[PDB]
Amino acid sequence: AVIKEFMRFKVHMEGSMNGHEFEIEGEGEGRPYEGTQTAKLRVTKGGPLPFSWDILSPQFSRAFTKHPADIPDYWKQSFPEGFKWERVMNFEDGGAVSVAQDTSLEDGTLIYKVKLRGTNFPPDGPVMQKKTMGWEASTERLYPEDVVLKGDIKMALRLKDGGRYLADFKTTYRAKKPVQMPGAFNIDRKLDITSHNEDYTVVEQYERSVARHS
């Protein structure tokens, strides 16, 4: 296959959060069939960010989910052309994030391009006050619709001073060529920030994810 047992990626993000413009550049690697990956991201413009890194972390890698042999891998089949995805995140306090992504394959490397816009975060809320400390383990509930894959997640940010801050995620994943469609299925996942400098201008993350039947 095009997707080897070890792969590297490069990522660029252009974004705004409550009108604060920034850019991120990074590189990552992982074992796509084992469902494990890491990335190291750097704020290249608009740092230090006046908001929680956790908003950005799920925007940095769909080739890296472990699939059982009986669930066709929507993303791995799409190569070498790749896929796009688009997402809306709606937080309990009215925060809203729109995200668009392109994934390609160039010079043996996966290439990610991301655009993000967040708005309506309360200025004294936990996102703009950097009061979150990472996402809980999640289950993405996916289903095919014609040639696209749709997924929904109930996501929960841990708050530094106690409790949880909830968001609904809705994503559509769009292969650039026809692939064999899976049935409905779930991805169980955990995303961790494994290292960061004090002002989160340099951040390492780690995801593990595994597809299973409903």
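Conventions we followed
Residues numbered from 1 in each chain as written, not as in the entry; some residues may be left out. Heavy atoms only, no water. UniProt positions renumbered as here; feature names shortened; annotations may be inferred. Helix = DSSP H or I, 4+ residues; strand = E, 2+ residues; numbered from the N terminus. Rg over C-alpha atoms; globule rule 2.2 N^0.38 Å. Buried < 20%, exposed > 50% of the residue type's maximum accessible area, 1.4 Å probe, protein only. Pairing = 2+ DSSP bridges.

The deposited coordinates derive from X-ray crystallography, with the record listing a resolution of 1.3300 Å.

The name recorded for the protein chain in the PDB entry is Red fluorescent protein drFP583, from Discosoma sp.. Its PDB record names the entry "Structure of the red fluorescent protein mScarlet3 at pH 7.5". Taken from UniProt, the Function comment for the protein chain reads in full: "Thought to play a role in photoprotection of the coral's resident symbiont microalgae's photosystems from photoinhibition caused by high light levels found near the surface of coral reefs. In deeper water, the fluorescence may be to convert blue light into longer wavelengths more suitable for use in photosynthesis by the microalgal symbionts." Quoted verbatim from the Sequence similarities field of the UniProt record, the comment on the protein chain reads "Belongs to the GFP family."

Digging into the overall build of the protein chain
A count of helices and strands for the protein chain gives 1 helix and 12 strands. Taken against the 2.2 N^0.38 rule, which gives 17 Å for 214 residues, the C-alpha radius of gyration of the protein chain at 16 Å falls within 12% of a compact globule. The C-alpha extent of the protein chain, read off along each of the three principal axes, is 45 × 35 × 25 Å. A total of 214 residues make up the protein chain; the buried ones form 49% of that total.

Comments concerning the pairing of strand β6 (residues 109-119)
Where strand β1 (residues 7-17) and β6 come together, 9 bridges link them in parallel fashion. Its bridge partner being in β6, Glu-14 is matched across the sheet by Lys-115. Linking two consecutive strands that pair antiparallel, namely strand β5 (residues 96-106) and β6, is a turn of 2 residues; a positive phi of about 50° is found at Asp-107 within it.

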